There are 2 protein chains.
Amino acid sequence: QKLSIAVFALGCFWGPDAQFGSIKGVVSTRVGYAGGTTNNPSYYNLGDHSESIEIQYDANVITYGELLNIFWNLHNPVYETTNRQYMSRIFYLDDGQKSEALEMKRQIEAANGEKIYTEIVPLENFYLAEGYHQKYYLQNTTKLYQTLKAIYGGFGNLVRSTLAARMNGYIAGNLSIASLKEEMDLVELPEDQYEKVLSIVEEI
Amino acid sequence: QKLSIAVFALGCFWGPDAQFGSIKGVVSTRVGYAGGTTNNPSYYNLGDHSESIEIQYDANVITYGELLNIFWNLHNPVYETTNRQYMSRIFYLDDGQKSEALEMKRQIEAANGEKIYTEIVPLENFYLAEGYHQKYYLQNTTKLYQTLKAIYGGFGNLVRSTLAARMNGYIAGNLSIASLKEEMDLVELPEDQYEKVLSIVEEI
């Protein structure tokens with residue numbers, strides 16, 4: 001009922017959304033634009049914003065430390081770009097995150113003698129990305145998608161769900177099918193649906 | 001000595017560059033920006049351009065028909081965006097490509113009763129993307145990268161090479177290691193290098 005929120009920025013948000021969304025402890029994901037000053041970001045109209053991701057996670061299952069580790073492994077900001085704006089950003093929500101981040105950045109910068117160009121700033125506003133970016137890899141496979149969209153009875157219902165992130169994670173080649181079968185039963189849906197959902201899945 | 005060139009656009013060019021670059025018959029890849037009118041595209045300054053990819057392929061091994069099939073499977077442009085600009089574009093270089101494309105688009109639009117919003121226009125200019133986008137997933141793994149960068153004796157030498165595309169393809173989870181071992185010997189480099197290159201590879 002009460003969870004924790006991380007807001008990261010690491011280039012295109014498709015990869016992340018399908019990566020984080022396949023990690024255990026990750027409850028939900030939304031991709032969007034954060035870091036800028038305009039009130040109207042869109043995919044080709046960022047202004048000063050950056051392609052970002054908001055991860056709703058359970059601190060009892062996954063730490064902000066683990067997340068930061070994934071964050072700096074999913075990309076390499078060890079090059080100076082930082083052109084016009086910043087591709088690599090960490091948006092902290094409380095001082096807890098701000099200090100772990102400022103510390104872990106200091107760790108790699110020391111353990112590698114190589115300056116990391118990740119920005120650590122306070123989250124001012126996260127602007128939600130257009131619907132065709134939400135659970136991208138999932139939305140592409142249109143049969144699995146339209147099936148799940150019905151089961152959850154709405155677009156928004158699906159993309160907030162943990163299961164979509166896992167599916168979208170699996171399709172992107174970021175999940176062993178066995179783990180998907182687990183996350184599938186954790187919903188406990190009527191067997192007709194299950195088999196049908198699982199049906200599209202075994203045909204790969 | 002003489003090859004064929006396809007120029008596609010399908011969203012972020014990282015995925016593609018690592019996908020196409022792992023298909024047999026694909027000689028080289030460059031990511032960049034095409035489709036616009038400004039003479040100065042960059043990652044956050046596209047103008048009217050779109051994130052594009054240029055694939056140098058061998059028509060004796062792979063057809064433009066096969067490429068177009070990969071192109072329309074790697075993404076789903078069956079949604080109307082097409083916002084401000086066009087994410088999904090096919091840049092033809094000769095009438096051969098223009099007709100296969102205009103035909104294959106007509107095929108799916110019929111076989112699915114669903115309008116594809118891919119643009120088919122003549123290639124006017126392909127602007128090369130910044131170096132940190134070239135063989136992205138490869139450049140991230142900094143040991144394998146700096147090793148290969150030395151073997152090829154230059155940055156540009158590596159990214160034009162077939163092997164980098166295959167490596168960058170493998171790292172992105174788009175290649176069975178066995179196929180990488182093949183593409184590795186097709187270069188016939190001194191065994192000290194081989195084993196060292198293969199060494200970083202088995203540690204995954």
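Residues numbered from 1 in each chain as written, not as in the entry; some residues may be left out. Chains lettered and ligands numbered in written order. Heavy atoms only, no water.

Method of determination for the deposited model, per the PDB record: X-ray crystallography, at 2.9000 Å resolution.

By the naming in the PDB entry, chain A is Peptide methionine sulfoxide reductase MsrA, taken from Alkaliphilus oremlandii OhILAs. Looking at the Function (unreviewed entry) heading of the UniProt record, one finds this comment for chain A: "Has an important function as a repair enzyme for proteins that have been inactivated by oxidation. Catalyzes the reversible oxidation-reduction of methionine sulfoxide in proteins to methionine." Its UniProt record gives chain A the following Sequence similarities (unreviewed entry) comment, quoted word for word: "Belongs to the MsrA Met sulfoxide reductase family." (UniProt positions renumbered as here; feature names shortened; annotations may be inferred.)

Before going further, it helps to spend a moment on the side chain of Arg166(A). Residue and element names in this part refer to chain A. Relative to the helices and strands, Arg166 is located in helix α7 (residues 162-171). Among the polar contacts made by the side chain of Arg166, one reaches the main-chain carbonyl oxygen of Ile23 at a distance of 3.4 Å. In this view, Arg166 contacts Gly21, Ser22, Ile23, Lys24, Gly25, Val26, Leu175, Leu180 and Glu183; residues no more than four positions away in its chain are not counted. (Helix = DSSP H or I, 4+ residues; strand = E, 2+ residues; numbered from the N terminus. Polar contact = N/O pair within 3.5 Å; in protein donor to acceptor, adjacent residues only side chain to side chain. Contact = heavy atoms within 4.5 Å.)

What follows concerns the environment of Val187(B). Looking at the element boundaries, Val187(B) is found in the loop between α8 (177-185) and α9 (191-202). Among all residues touching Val187(B), those that are not within four sequence positions of it are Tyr152(B) and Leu163(B).

It is worth spelling out the nonpolar core at this point. With 24 residues, the main nonpolar core has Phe13(A), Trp14(A), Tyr43(A), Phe13(B), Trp14(B) and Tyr43(B) as its most contacted residues. Counting only elements with at least two residues in this core, the list comes to β2 (26-34) of chain A together with β2 (26-34) of chain B. When sequence neighbours within four positions are dropped, the list of residues in contact with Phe13(A) reads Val31(A), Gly32(A), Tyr33(A), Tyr43(A), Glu51(A), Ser52(A), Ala129(A) and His133(A). (Core = buried A, V, L, I, M, F, W, Y, C linked by side-chain atoms within 4.5 Å. Buried < 20%, exposed > 50% of the residue type's maximum accessible area, 1.4 Å probe, protein only.)

Evaluated as defined, the whole model comprises 16 salt bridges over all chains. One network of salt bridges, in which partners are shared, links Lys24(A), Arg166(A) and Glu183(A). (Salt bridge = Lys/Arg side-chain N within 4 Å of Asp/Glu carboxyl O.)

What follows is about the relation of the copies chain A and chain B. When chain A is fitted to chain B, the best match, at an RMSD of 0.0 Å, comes from turning it 180° and sliding it 0.0 Å along the axis. Taken together, the rotation and translation describe the operation of a two-fold axis. Ranked by how close their C-alpha atoms come to the rotation axis, the residues of chain A are headed by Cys12(A), at 3.3 Å. The residues that chain A uses at the interface reappear at the interface of chain B in 100% of cases, marking a shared surface. (Least-squares fit on C-alpha atoms.)

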